Structure formats: structure tokens, C-alpha cells
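This is entry_8.cif (mmCIF, C-alpha atoms and all ligand atoms; chains and numbers go by the auth columns).
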data_entry
#
loop_
_atom_site.group_PDB
_atom_site.id
_atom_site.type_symbol
_atom_site.label_atom_id
_atom_site.label_comp_id
_atom_site.label_asym_id
_atom_site.label_seq_id
_atom_site.Cartn_x
_atom_site.Cartn_y
_atom_site.Cartn_z
_atom_site.B_iso_or_equiv
_atom_site.auth_seq_id
_atom_site.auth_asym_id
ATOM 1 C CA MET A 1 2.281 30.217 3.672 0.00 1 A
ATOM 2 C CA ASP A 2 5.235 27.876 3.319 0.00 2 A
ATOM 3 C CA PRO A 3 8.317 30.087 2.958 0.00 3 A
ATOM 4 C CA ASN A 4 11.213 27.731 3.581 0.00 4 A
ATOM 5 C CA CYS A 5 9.727 25.223 5.994 0.00 5 A
ATOM 6 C CA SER A 6 6.529 25.274 8.018 0.00 6 A
ATOM 7 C CA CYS A 7 7.039 22.046 9.926 0.00 7 A
ATOM 8 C CA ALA A 8 8.161 21.345 13.472 0.00 8 A
ATOM 9 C CA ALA A 9 4.787 22.488 14.751 0.00 9 A
ATOM 10 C CA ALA A 10 4.642 19.794 17.405 0.00 10 A
ATOM 11 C CA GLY A 11 1.264 18.088 17.445 0.00 11 A
ATOM 12 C CA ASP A 12 0.341 18.749 13.834 0.00 12 A
ATOM 13 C CA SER A 13 0.917 16.149 11.146 0.00 13 A
ATOM 14 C CA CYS A 14 3.379 17.433 8.574 0.00 14 A
ATOM 15 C CA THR A 15 3.524 15.769 5.178 0.00 15 A
ATOM 16 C CA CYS A 16 7.170 15.060 4.450 0.00 16 A
ATOM 17 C CA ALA A 17 6.683 11.411 3.570 0.00 17 A
ATOM 18 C CA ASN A 18 5.055 11.924 0.193 0.00 18 A
ATOM 19 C CA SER A 19 6.738 14.969 -1.300 0.00 19 A
ATOM 20 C CA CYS A 20 8.511 17.727 0.589 0.00 20 A
ATOM 21 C CA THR A 21 7.807 21.286 -0.492 0.00 21 A
ATOM 22 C CA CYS A 22 9.599 23.471 2.027 0.00 22 A
ATOM 23 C CA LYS A 23 12.586 25.142 0.410 0.00 23 A
ATOM 24 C CA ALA A 24 14.452 24.936 3.697 0.00 24 A
ATOM 25 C CA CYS A 25 13.011 21.954 5.529 0.00 25 A
ATOM 26 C CA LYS A 26 14.775 20.926 8.716 0.00 26 A
ATOM 27 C CA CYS A 27 12.714 17.828 9.409 0.00 27 A
ATOM 28 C CA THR A 28 14.608 14.632 10.133 0.00 28 A
ATOM 29 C CA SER A 29 12.649 13.213 7.222 0.00 29 A
ATOM 30 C CA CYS A 30 14.419 15.585 4.862 0.00 30 A
ATOM 31 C CA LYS A 31 17.892 16.761 5.800 0.00 31 A
HETATM 32 CD CD CD B . 8.053 17.851 7.969 0.00 101 B
HETATM 33 CD CD CD B . 10.451 17.956 4.442 0.00 102 B
HETATM 34 CD CD CD B . 9.486 21.523 6.488 0.00 103 B
#

Please render this file's structure as C-alpha cells.
Ligand SMILES: [Cd+2]
Ligand SMILES: [Cd+2]
Ligand SMILES: [Cd+2]
Amino acid sequence: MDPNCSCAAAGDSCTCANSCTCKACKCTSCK
């Protein structure tokens, strides 16, 4: 369930290099 952003999990491999989805991503790959 991706509400606004389900990244910054530390360890896991988020996919913010292809196409971001989070509505409120805070990853350095999408500011
Ligand atoms: Cd990410
Ligand atoms: Cd992102
Ligand atoms: Cd995110």
C-alpha cells in the first residue's frame, strides 16, 4: 500500500529510477 511514499526502507531496493509512483516521495532520486 503506497500512500504517499513507501521508500526509505533501508536494505530494500526501491524503484525510483524508472517511474516514481509515491505521491509524496522523499527519496533523493525524486525531490
Ligand atoms: Cd525511492
Ligand atoms: Cd520516488
Ligand atoms: Cd517514495

Exercise for review: Report as a PyMOL selection string the residues that result from applying the PyMOL selection byres (((not hetatm)) within 7 of (chain B and resi 102)) to the structure here.
Suggested key: chain A and resi 16+20-22+25-27+29-30

**Study point:** Result set of the PyMOL selection byres (((chain A and resi 2) around 10) and not hetatm) on the coordinates above, as a count of residues only
**Key:** 10

What are the centre and the three edge lengths of an axis-aligned box that wraps all atoms of segment 6-22 of chain A in the file, given that 5 Å is added to every side, written as lines of an AutoDock Vina configuration file and rounded to one decimal in Å?
center_x = 5.0
center_y = 18.3
center_z = 8.1
size_x = 19.3
size_y = 23.9
size_z = 28.7
